[PDB]
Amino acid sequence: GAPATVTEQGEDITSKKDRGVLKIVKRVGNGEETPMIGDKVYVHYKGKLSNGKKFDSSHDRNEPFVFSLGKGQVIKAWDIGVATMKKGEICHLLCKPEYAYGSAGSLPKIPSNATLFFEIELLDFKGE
(Lines of atoms letter the chains of each structure in order from A and count residues from 1; the text may use other names and numbers.)
(Lines give C-alpha, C1' and ligand atoms only; values in the text may rest on other atoms or scores of the structure.)
Protein backbone atom coordinates (compact mmCIF):
# COMPACT_ATOMS: atom_id res chain seq x y z
CA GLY A 1 0.00 0.00 0.00
CA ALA A 2 0.94 3.63 0.10
CA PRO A 3 3.00 3.40 3.36
CA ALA A 4 5.09 0.56 1.93
CA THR A 5 5.58 2.48 -1.30
CA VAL A 6 6.89 5.66 0.38
CA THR A 7 9.09 3.50 2.63
CA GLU A 8 10.65 1.74 -0.36
CA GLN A 9 10.47 4.43 -3.05
CA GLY A 10 10.43 7.77 -1.23
CA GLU A 11 13.05 10.47 -1.32
CA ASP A 12 15.07 11.36 1.76
CA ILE A 13 14.38 15.07 2.40
CA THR A 14 16.42 15.39 5.60
CA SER A 15 19.49 17.59 5.83
CA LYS A 16 21.32 14.83 7.67
CA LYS A 17 20.55 12.27 4.97
CA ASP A 18 19.53 9.74 7.63
CA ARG A 19 16.40 8.62 5.85
CA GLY A 20 14.30 9.85 8.74
CA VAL A 21 11.73 11.62 6.54
CA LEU A 22 10.83 10.17 3.15
CA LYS A 23 8.55 11.86 0.65
CA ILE A 24 6.62 11.13 -2.54
CA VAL A 25 4.89 13.94 -4.43
CA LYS A 26 1.45 12.64 -5.39
CA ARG A 27 0.21 15.82 -7.07
CA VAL A 28 2.45 18.58 -8.34
CA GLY A 29 1.42 21.93 -6.96
CA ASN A 30 1.59 25.44 -8.43
CA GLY A 31 4.79 27.13 -9.58
CA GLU A 32 8.03 26.97 -7.74
CA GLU A 33 7.44 28.76 -4.44
CA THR A 34 7.46 26.92 -1.14
CA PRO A 35 6.44 28.55 2.16
CA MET A 36 8.86 30.51 4.29
CA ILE A 37 9.69 30.20 7.92
CA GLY A 38 7.02 31.81 10.00
CA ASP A 39 4.34 31.60 7.37
CA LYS A 40 0.83 30.61 8.38
CA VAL A 41 0.29 27.35 6.52
CA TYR A 42 -3.10 25.69 5.96
CA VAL A 43 -3.13 21.97 5.29
CA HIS A 44 -5.40 18.97 5.13
CA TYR A 45 -3.94 15.68 6.27
CA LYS A 46 -4.59 12.12 7.30
CA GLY A 47 -2.20 10.14 9.54
CA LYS A 48 -1.74 6.39 9.91
CA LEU A 49 0.25 4.16 12.23
CA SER A 50 2.29 1.21 11.11
CA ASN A 51 -0.48 -1.10 12.34
CA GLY A 52 -2.75 0.40 9.67
CA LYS A 53 -4.80 2.53 12.12
CA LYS A 54 -5.91 5.95 10.85
CA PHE A 55 -5.19 7.96 13.95
CA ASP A 56 -6.17 11.46 12.84
CA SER A 57 -7.62 13.39 9.93
CA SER A 58 -8.40 17.05 9.38
CA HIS A 59 -10.78 16.12 6.57
CA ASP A 60 -13.03 14.40 9.08
CA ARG A 61 -13.18 17.70 11.11
CA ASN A 62 -14.24 19.79 8.13
CA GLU A 63 -11.51 22.38 8.82
CA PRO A 64 -7.85 22.64 7.90
CA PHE A 65 -4.93 22.33 10.29
CA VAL A 66 -3.13 25.63 10.63
CA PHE A 67 0.36 26.26 12.00
CA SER A 68 3.33 28.60 11.67
CA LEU A 69 6.08 26.89 9.67
CA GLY A 70 9.51 26.18 11.12
CA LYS A 71 8.68 27.01 14.74
CA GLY A 72 8.44 23.54 16.30
CA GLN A 73 4.62 23.80 16.53
CA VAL A 74 4.51 20.42 14.80
CA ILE A 75 6.75 17.38 14.69
CA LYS A 76 10.10 17.82 12.99
CA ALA A 77 9.09 15.77 9.97
CA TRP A 78 6.28 18.25 9.23
CA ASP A 79 8.43 21.33 9.60
CA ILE A 80 10.85 19.70 7.14
CA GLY A 81 8.22 18.21 4.85
CA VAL A 82 5.75 21.04 4.51
CA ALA A 83 8.71 23.38 3.78
CA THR A 84 9.28 21.37 0.58
CA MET A 85 5.69 21.70 -0.70
CA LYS A 86 4.14 23.97 -3.30
CA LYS A 87 0.61 25.39 -2.99
CA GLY A 88 -1.83 22.73 -4.12
CA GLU A 89 0.64 19.89 -3.73
CA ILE A 90 -0.34 16.58 -2.19
CA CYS A 91 2.46 14.44 -0.78
CA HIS A 92 3.03 11.30 1.24
CA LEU A 93 5.50 11.52 4.16
CA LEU A 94 7.00 8.66 6.10
CA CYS A 95 8.30 9.89 9.45
CA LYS A 96 10.67 7.80 11.61
CA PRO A 97 10.18 8.32 15.37
CA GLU A 98 13.25 10.57 15.69
CA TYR A 99 11.39 13.11 13.50
CA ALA A 100 8.05 12.45 15.19
CA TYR A 101 7.23 11.54 18.81
CA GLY A 102 10.26 9.39 19.61
CA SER A 103 10.22 7.09 22.58
CA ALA A 104 7.60 9.15 24.40
CA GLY A 105 4.83 8.74 21.89
CA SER A 106 1.75 10.88 22.18
CA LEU A 107 -0.97 9.32 24.19
CA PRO A 108 -3.49 8.05 23.66
CA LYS A 109 -3.10 7.39 19.94
CA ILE A 110 0.61 7.25 19.17
CA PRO A 111 2.77 4.56 20.82
CA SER A 112 6.46 4.68 21.63
CA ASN A 113 8.89 4.39 18.78
CA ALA A 114 6.18 4.92 16.13
CA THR A 115 6.87 5.45 12.43
CA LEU A 116 4.07 7.69 11.06
CA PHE A 117 2.58 7.95 7.58
CA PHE A 118 0.84 11.11 6.40
CA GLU A 119 -0.95 12.27 3.29
CA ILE A 120 -0.72 16.09 3.29
CA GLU A 121 -2.30 18.66 1.02
CA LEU A 122 -0.87 22.23 1.18
CA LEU A 123 -3.89 24.45 0.76
CA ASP A 124 -2.33 27.86 1.25
CA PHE A 125 0.50 29.73 2.92
CA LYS A 126 0.69 33.36 3.92
CA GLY A 127 3.09 35.68 5.75
CA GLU A 128 1.63 37.33 8.85
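Under this definition, the rigid core comprises the largest set of C-alpha atoms superposing within 1.5 Å between the forms. Quick note: we count residues from 1 along the sequence shown, nothing fancier.
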*With everything overlaid on the rigid core, name the stretch, 79 to 87 or 51 to 59, whose CA atoms wander farther on average in 4 other deposited structures of this protein.*
51 to 59
*Comparing C-alpha positions in 4 other deposited structures of this protein against this form, with the rigid core used for the fit, which stretch differs more, 26 to 34 or 88 to 96?*
26 to 34
_Mean Cα B factor from the PDB record: higher for 108 to 116, or higher for 21 to 29?_
108 to 116
*Given the B-factors recorded for C-alpha atoms, which segment has the greater mean, 98 to 106 or 84 to 92?*
98 to 106
*Third assignment of residue 67 from its chain's C-alpha B-factors*: middle
*Should residue 51 be placed in the lowest, middle or highest third of its chain by the C-alpha B factor in the entry?*
highest
*Taking the C-alpha B-factors as the PDB entry records them, is residue 34 in the lowest, middle or highest third of its chain?*
lowest
